[PDB]
Every structure is written in structure tokens, then in C-alpha cells.
Amino acid sequence: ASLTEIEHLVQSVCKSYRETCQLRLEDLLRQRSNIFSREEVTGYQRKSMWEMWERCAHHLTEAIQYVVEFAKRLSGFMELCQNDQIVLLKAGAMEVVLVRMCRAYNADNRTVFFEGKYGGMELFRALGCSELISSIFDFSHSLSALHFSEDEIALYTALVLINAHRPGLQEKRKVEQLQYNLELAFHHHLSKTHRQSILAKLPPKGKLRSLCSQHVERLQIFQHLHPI
Ligand SMILES: Cc1c(Cc2ccccc2)nc(-c2ccco2)n1-c1c(Cl)cccc1Cl
């Protein structure tokens, strides 16, 4: 994986992210002053646990669809066998959605973009999942302190996805090789943009997996109780 291989890998990932980012950073930032009123928040809080589950499930389904598109536009991902493509997406797509959230998060007031406006944690009260949602907000809060660029988000989420340590892979060595190349491409791009300092500031890999596991547990129950 030479210099042209590494640089082409960078450009390609950043392109693929720009085409699949779902919401433009510019729009998200412009919308920061569009905040839910006290009445609108109360409105959300009065909703049934079942309605909130439906609305959040819809939000997540759509977010996941763009992540699946992101992976398909990654040359290398398509070269893997069908089993491995599915293993990576099952294990990683929600982890990517978790990371992608920090762009739609405003650290100044602790609000997130949801169904057209920015709103706090308390919007989701009816779900009865305050501890989980609080950890999600905390995770986005810590990421926002890094001020990730669009291209950094692009490369970092590619690395969340292309991880050879997912159980159930059949061509492990081939996924490893793709991961190693993406790691080098990420490091390389950070050096060219004088952003090497964020590397020591990235969360431990277990943090995101751990958050996602607990997230998986809760949504599996809601699905079993009230199928979408
Ligand atoms: C509320 C929520 C949950 C927990 C949950 C979801 C469904 C049923 C029960 C509990 N998870 C996410 C979430 C976003 C990104 C990944 O997960 N949210 C979420 C957040 Cl924190 C902010 C905006 C939009 C959404 Cl949907």
C-alpha cells in the first residue's frame, strides 16, 4: 500500500462520507438556534413510550441506511465476501451512527438535532432510558471537544466499520489488511493537516463498543415488546 494507494484511499473515504453524511454540517450548524420550545418538549414528554420508540426507531433506521451506503462506496468493503460484509455492518453500523451523532450535537447547550429542532436529553423522558441516553449525550459531548473535521469523521467512522476483531469473519486476514491501510491513511492525513494531537485524545475502542452493546440490549427489548 504505497503513497498513491494511501492518498487515493484518503480521498475516496472522504468522498464516500460527503455523499452519505445524511445531514450537511452547514445545515446542522445553521439550525442550532432552532430549539424546541417548553411546550414542544412537554409534548414529547407526554407521548407514550410506544410512540417514542417508533419515532426513535424511525430515526435510527434512516441513519443506519446512510451508513450502509457509506460502506458500499468503500472500495475494499465490496471486495470482502457477503458473510463478512454483513458481520461488519451488524457489529458496526450502530457504532458509526453513535459517532455521526456528535455533528448533530451542540455542546454549548447540550442539545441534539431531532425531528427538525434541537432539544435536550429530557425530550426522550417517556422512553424510561435516562441512563443510556445520558451516556450517549456524554459520548457525543466528549467527541465534540475534539472538533472533528468532516474528513476526520469520514476516516474515523471507516475505522469503526472496518475492524478485523469482529467474531464470525471468514476472511479475517483480508479485513485486517483493509483495517491496517485505513489506520495508516488516517494517521497520514492527520499529519498533512497538523492534527496528530487528536490521536492521543480518541476514546478507548472499548468505550464505543460498550456503549453500543448496552444500546443494543435496550432496543432488542423494545423490538420484542412492540415490533416495527
Ligand atoms: C433516544 C435515543 C436512544 C435510546 C433509545 C432509542 C430507541 C428506543 C429506546 C431507547 N438512542 C439514540 C441514538 C442516537 C444515535 C444512536 O442512538 N437516541 C437518540 C438520541 Cl440520544 C438523539 C437523537 C435521536 C435518537 Cl433516536
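We use all heavy atoms of the structure for the numbers below, so side chains are in, but hydrogens, waters and symmetry mates are not. In what follows, residues are counted from 1 in the order of the sequence shown.
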Atom pair [atom1]/[atom2] of [X] and [Y] - distance to nearest 0.5 Å:
X	Y	atom1	atom2	result
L155	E150	CG	CD	11.5 Å
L178	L74	CG	CG	8.0 Å
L3	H8	CG	NE2	13.0 Å
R125	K47	CZ	NZ	14.0 Å
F139	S210	CZ	OG	10.5 Å
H147	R195	NE2	CZ	8.5 Å

Q: Run through the side-chain heavy atoms of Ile, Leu, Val, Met, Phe, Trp and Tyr, join any pair under 4.5 Å, and report what else lands in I6's cluster.
A: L184
Q.
Among residues at least two apart in sequence or on other chains, which ones pass side chain to side chain donor-acceptor pair (under 3.5 Å) with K174?
A. none
(Q) Please check if the number of heavy atoms outside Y66 that lie under 6.0 Å from its OH is greater than 12. (A) no
Q | Other residues, nucleotides, ligands: >12 heavy atoms within 6.0 Å of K15 NZ | A | no
Measuring only between side-chain heavy atoms, which start at C-beta, is [X] closer than 4.5 Å to [Y]?
X	Y	result
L182	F186	no
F148	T157	no
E5	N181	no
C81	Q85	no
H59	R55	no
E131	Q214	no
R73	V13	no
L169	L88	yes

Check whether the side chains of [X] and [Y] place a donor and an acceptor atom closer than 3.5 Å, and report yes or no.
X	Y	value
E7	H189	no
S16	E19	no
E40	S37	yes
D151	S149	no

Q: Check step by step if side chain to side chain contact (heavy atoms under 4.5 Å, CB included) holds for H141 and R110.
A: CA-CA 8 Å; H141 198 84; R110 308 185 184 266; 3.4 Å; yes
Q. Where do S134 and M121 land on the side chain to side chain contact (heavy atoms under 4.5 Å, CB included) test, with the steps shown first?
A. CA-CA 7 Å; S134 208; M121 204 162 64; 3.5 Å; yes
Has [X] got a side-chain atom pairing as donor or acceptor with [Y]'s backbone, closer than 3.5 angstrom?
X	Y	result
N106	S33	no
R103	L23	yes
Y17	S12	no
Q223	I228	yes
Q170	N83	no

Q. For the residue pair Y105 and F113, is the inter-centroid distance of their aromatic rings smaller than 6.0 Å?
A. no
(Q) Are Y44 and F124 an aromatic pair, judged by ring center distance below 6.0 Å? (A) no
(Q) Using side chain to side chain contact (heavy atoms under 4.5 Å, CB included), reason through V10 and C14 one step at a time and then give a plain yes or no. (A) CA-CA 6 Å; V10 168; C14 295; 4.2 Å; yes
[X] versus [Y], closest heavy-atom pair with distance:
X	Y	value
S140	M101	OG-CG, 3.4 Å
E115	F36	O-CZ, 3.8 Å
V160	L208	CG2-CD2, 3.7 Å
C212	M94	SG-CB, 3.9 Å
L159	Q179	CD2-O, 3.8 Å
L225	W50	CB-CH2, 3.7 Å

Can you get from [X] to [Y] by hopping between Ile, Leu, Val, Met, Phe, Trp and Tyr side chains that sit under 4.5 Å apart?
X	Y	result
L146	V96	yes
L28	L143	no
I86	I64	no
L219	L98	yes
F222	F114	yes

Q.
Before you tell me yes or no, could you show the steps for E54 and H226 under side chain to side chain donor-acceptor pair (under 3.5 Å), namely the whole-Å CA-CA distance, both residues' side-chain angles and the distance that decides it to 0.1 Å?
A. CA-CA 9 Å; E54 290 174 2; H226 188 101; 2.7 Å; yes
Q | From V87, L161, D84, residue fulfilling side-chain contact (heavy atoms from CB on, under 4.5 Å) relative to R166 | A | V87
Q. Is the charged tip of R100 near the ring of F70: under 6.0 Å from the six-membered ring centre and within 45° of its axis?
A. yes
Q. Can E95 and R209 be counted as an ion pair, charged N to O under 4.0 angstrom?
A. no
Q: With side chain to side chain contact (heavy atoms under 4.5 Å, CB included) as the test, would you mind laying out the steps for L123 and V112 before giving the verdict?
A: CA-CA 10 Å; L123 207 151; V112 70; over 6 Å; no
